[PDB]
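Okay, structure first, notes after.
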Protein chains: 2
Amino acid sequence: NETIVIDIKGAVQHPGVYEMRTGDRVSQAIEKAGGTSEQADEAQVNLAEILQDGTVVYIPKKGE
Amino acid sequence: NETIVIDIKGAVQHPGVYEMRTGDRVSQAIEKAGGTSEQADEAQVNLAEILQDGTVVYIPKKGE
């Protein structure tokens, strides 16, 4: 199969575990998770990294 | 398939994640992102580097 699961913790509206398509990107996970939280610092996160399976996508908070 | 996705952080008008054609250039990403910000320093960035997939394109600010 060509589906994937991802753990989306950090500064997002609905952190949790989501199922993505095999070739998706971090920017898609954040959208899948409702969207970014108003305390997030996306500058140090690569939003076009290919999502690997059974991995974490942490969205840092400003000042971390 | 022959498309690509790119992270455009830095001094641009619309930073974010954009989809480029496989053989595009940094000068094209900047234009796709609305254009340079009025605080950008184009001297320290190579504007015809081949865009690689799932990578960041940081546009420094003057004085960085």
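Placing +1 at every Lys and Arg Cβ and -1 at every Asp and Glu Cβ, with all other atoms neutral, what dipole size does chain B have around its Cα centre, in debye to the nearest 20? Here the size comes out at about 100 debye. The alpha-carbon of A:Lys9 sits under 30 angstrom from the alpha-carbons of these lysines, leaving out residues fewer than 8 places away in its chain: A:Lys32, A:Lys61, A:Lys62, B:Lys9. Here chain B has an Rg and Dmax of 11.1, 40 Å, counting Cα atoms alone. Which FRET efficiency value, to the nearest 0.05, do you get for B:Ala48 and A:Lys62 by plugging their Cβ-Cβ distance into 1/(1 + (r/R0)^6) with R0 = 41 Å? The value I calculate is 0.75. With the charge dipole of the protein assembly as shown set up from +1 on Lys and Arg Cβ and -1 on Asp and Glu Cβ about the Cα centre, the Cα lying farthest toward the positive end among the listed residues A:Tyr58, B:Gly63, A:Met20 is that of B:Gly63.
Secondary structure note: in region B:3-59, about 80% of the DSSP beta bridges are antiparallel.
Based on C-alpha pairs under 8 angstrom that are at least 6 apart in sequence, region B:3-59 has a relative contact order of 47 percent. The H on the amide N of B:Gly10, modeled in the peptide plane, is under 5 Å from the matching H of B:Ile59, each at least 5 residues off or on a different chain.
Coordinate-derived values only; no laboratory data. Cβ sites come from the backbone with ideal geometry, for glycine too, and all protein chains shown count toward neighbours.
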